[PDB]
Amino acid sequence: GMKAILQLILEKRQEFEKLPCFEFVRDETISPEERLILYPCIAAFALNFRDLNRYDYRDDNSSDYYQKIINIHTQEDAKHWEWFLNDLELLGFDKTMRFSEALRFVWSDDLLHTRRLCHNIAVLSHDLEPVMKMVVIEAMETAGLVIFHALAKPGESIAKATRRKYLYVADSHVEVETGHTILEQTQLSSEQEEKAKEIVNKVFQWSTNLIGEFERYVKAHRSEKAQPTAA
Amino acid sequence: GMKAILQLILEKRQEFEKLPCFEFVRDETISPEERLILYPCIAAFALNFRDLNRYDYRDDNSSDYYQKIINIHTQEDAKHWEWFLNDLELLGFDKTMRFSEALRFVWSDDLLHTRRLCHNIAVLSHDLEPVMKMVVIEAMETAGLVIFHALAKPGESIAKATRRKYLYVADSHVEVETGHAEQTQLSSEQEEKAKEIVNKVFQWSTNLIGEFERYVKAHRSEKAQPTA
Ligand SMILES: N[C@@H](Cc1c[nH]c2c(Br)cc(Br)cc12)C(=O)O
Ligand SMILES: N[C@@H](Cc1c[nH]c2c(Br)cc(Br)cc12)C(=O)O
Ligand SMILES: [Fe+2]
Ligand SMILES: [Fe+2]
Ligand SMILES: [Fe+2]
Ligand code: NI
């Protein structure tokens with residue numbers, strides 16, 4: 001019943017792992033600077049995700065024991081945007097630009113699905129019982145681990161070659177997200193099972209659409225390789 | 001019924017019009033450059049609002065009378081973000097910064113209610129039938145009109161003085177929003193939901209104006225720098 005759900009996520013993860021974008025990010029025959037062309041795209045997601053954790057997932061005024069554990073989970077994930085901004089700078093992507101060019105970049109029509117992923121999760125999850133909220137978090141954290149397992153490859157390559165401490169496209173981020181059960185010990189209704197199926201499918205479809213935009217961005221911006229600096 | 005709902009919107013607008021922010025923005029004893037220091041704050045709202053119209057409010061495959069009305073409405077409101085970026089440039093607020101400084105500005109804790117107003121409206125409206133979305137939209141458009149009625153006062157003073165065409169903090173924008181800001185029978189359940197909708201929209205709009213007020217106080221020297 002719930003075994004079915006944890007199992008649908010593993011099936012979804014194994015499909016997600018095979019997307020062309022990940023084959024590209026893992027390709028060691030391509031400079032890591034070329035593979036991380038997609039890095040600024042994450043700007044449309046990373047601060048929205050911080051806010052999802054802080055304001056949508058987290059509920060400080062709850063006694064329910066499942067919301068209590070969600071709150072602890074959300075507090076750790078709400079710190080990773082700063083790591084994003086750390087590696088933005090190291091990769092040479094923290095460029096000077098007009099305020100309006102920064103805005104037109106984030107709200108690019110080419111980053112629609114990247115930008116609205118967190119919005120879609122909030123609308124999905126706003127009227128969910130805490131145990132259905134945990135499924136959302138679990139599916140989203142599974143998609144996240146796949147993406148960062150991949151990006152930490154070019155990332156750790158640049159970190160060692162330049163001798164700099166990367167925090168976002170880094171083993172240390174993967175390790176914390178590995179660190180990220182009670183869902184084993186939980187029983188779902190037929191209703192709660194059908195809902196959880198709908199959730200897992202939507203999260204993996206929305207993450208697939210975001211990865212699709214990263215792949216299109218690399219192909220559109222082939223010249224704009226990372227420009228990291230050595231020590 | 002629907003009658004009292006429009007009366008509530010009217011009462012909330014009369015309340016909203018008299019916030020300190022708007023007394024400040026309307027104060028012709030202060031330079032219009034100072035009355036527009038809130039302007040860059042709208043960056044957290046204007047592009048979100050574009051996306052609310054394009055992606056949340058709009059549903060092209062609908063025969064529902066009210067949704068067809070909403071579709072036409074949303075198509076106009078979804079163009080106003082370019083006007084925002086036009087006047088950002090004219091006001092001297094389109095400055096060169098690090099990408100990260102732009103992100104930290106928009107995702108400022110000081111602009112939380114500004115940034116999430118559209119998110120709150122999306123969450124509130126996502127399950128509503130089109131007649132009830134119309135209530136959400138009328139409330140929001142009414143609050144919009146109050147704000148732009150105020151901002152166009154220093155806006156047009158700067159446009160005339162500099163001989164440049166302002167599009168956002170300008171009478172031409174107010175003219176569109178005047179058009180935007182019917183008689184239906186609502187279940188008692190709907191009348192109740194509609195009253196909750198009007199109360200929430202004017203509360204979240206009041207919170208946003210609150211942040212503009214705080215920003216102006218904290219950045220009181222950062223006046224607009226238009227050129228003639
Ligand atoms: N560990 C990520 C969270 C994450 C979780 N899910 C993600 C997806 Br789907 C796409 C992207 Br890009 C990022 C995530 C973070 O720290 O921002
Ligand atoms: N006429 C506005 C729409 C709008 C409608 N409601 C608004 C509120 Br509440 C605050 C702010 Br700032 C803007 C609005 C626009 O074109 O961006
Ligand atoms: Fe993370
Ligand atoms: Fe407008
Ligand atoms: Fe409008
Ligand atoms: Ni809902």
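Where a number appears in this text, it was derived from the coordinates with a stated rule and is not lab data. Cβ placement follows ideal geometry from the backbone for every residue including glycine, while neighbour counts extend to all protein chains displayed.
Things to note:
- Listed cross-link partners A:195/B:133; A:95/B:217; B:79/B:195; A:95/B:95; A:12/A:197; B:12/B:217 are compared with a 18 Å cut-off, the Cα-Cα value being larger for A:195/B:133; A:95/B:217; B:79/B:195; B:12/B:217.
- Each Cα pair under 8 Å and six or more residues apart adds its separation to the average, and for the stretch B:1-129 the resulting relative contact order is 29 percent.
- With helices as the sole contributors, chain A gives -21500 deg cm²/dmol at 222 nm; each DSSP H run of n ≥ 4 counts as -39500 (n - 2.57), and the sum is divided by every residue.
- Shielding of B:108-117 by partner chains, average beta-carbon count, 10 Å: 1
- Across peptide B:91-104, the average count of Cβ atoms from other chains found within 10 Å of a residue's Cβ is 6.
- Per residue, the convex hull spanned by the Cα atoms of the stretch B:55-134 measures out at 121 cubic angstrom.
- Per the Kirkwood formula applied to alpha carbons, the stretch B:93-228 shows a radius of gyration over Rh ratio, Rg over Rh, of 1.04.
- Counting every C-alpha pair in the protein assembly as shown, the share spaced more than 35 angstrom apart comes to 38%.
- If you wrap the Cα atoms of the stretch B:1-98 in a convex hull and average its projected area over all directions, you get 9.3 nm².
- Rg(Cα) / (2.2 N^0.38 Å) computed for the stretch A:3-220, rounded to two decimals: 1.03
- Each residue of the stretch A:116-128 was assigned a 3J(HN,Hα) from its phi angle through the Karplus curve 6.51 cos²θ - 1.76 cosθ + 1.60 (θ = phi - 60°); the sequence is 9, 3, 5, 4, 4, 5, 3, 5, 4, 9, 5, 10, 9 Hz, with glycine and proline shown as x.
- Qualifying GluC sites (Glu not before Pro) in the stretch B:17-83, where qualification requires a DSSP coil assignment and no more than 16 other C-beta atoms within 10 Å, comprise B:28.
- Separation of the stretch B:3-39 from the stretch A:110-172 is 41 Å, based on Cα centroids.
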